[PDB]
Amino acid sequence: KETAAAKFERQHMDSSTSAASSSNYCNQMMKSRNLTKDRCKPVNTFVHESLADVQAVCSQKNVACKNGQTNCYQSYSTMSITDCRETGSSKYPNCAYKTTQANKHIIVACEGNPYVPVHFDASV
């Protein structure tokens with residue numbers, strides 16, 4: 001029902017905030033976006049750029065995906081992102097996360113027609 005493109009937007013897009021709102025950000029967002037529903041998803045990145053900017057990465061720099069597929073693309077510009085990483089003390093269902101804001105190139109996997117982001121591979 002939920003397209004892979006929609007799921008990418010749900011898991012990785014947050015254009016409302018231009019940086020990691022607060023120390024609470026990840027705790028709130030991993031829950032709100034249903035990334036703590038079944039397990040504590042252990043790491044996850046949010047992007048604070050427009051959807052059009054992130055989508056445009058699919059026509060940017062073609063690089064190898066971590067799994068060895070060829071459909072990953074690195075942004076020529078740095079982007080505002082927040083990484084969310086599970087604390088050691090985190091215990092499902094109360095998933096707890098460190099919020100780290102950064103500005104880095106993002107790497108996304110794209111697929112489909114139209115050719116859109118479906119996975120967040122890495123940032124560099």
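We number each residue from 1, going along the chain as drawn.
Header says: X-ray crystallography, 2.0 Å.
Each residue, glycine too, has its Cβ placed from N, Cα and C.
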Next on the checklist: Which residue in the list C65, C72, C84 does Swiss-Prot annotate as forming a disulfide bond with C26?
Outcome noted: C84
Checklist outcome for this item: Checking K7, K66, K98 against Swiss-Prot, the one recorded as glycation site is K7
Checklist entry - For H12 (active site, proton acceptor) and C95 (disulfide bond), what Cα-Cα distance in Å is obtained after rounding to a whole number? => result 17
Next on the checklist: Let's check the environment of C95 (disulfide bond): how many other CB atoms sit within 10 Å of its CB?
Outcome noted: 21
Next on the checklist: Can you tell me the CA-to-CA distance separating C26 (disulfide bond) and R85 (substrate binding site), as a whole number of Å?
Outcome noted: 8
Checklist outcome for this item: Rounded to a whole number of Å, the separation of the Cα atoms of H119 (active site, proton donor) and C40 (disulfide bond) comes to 18
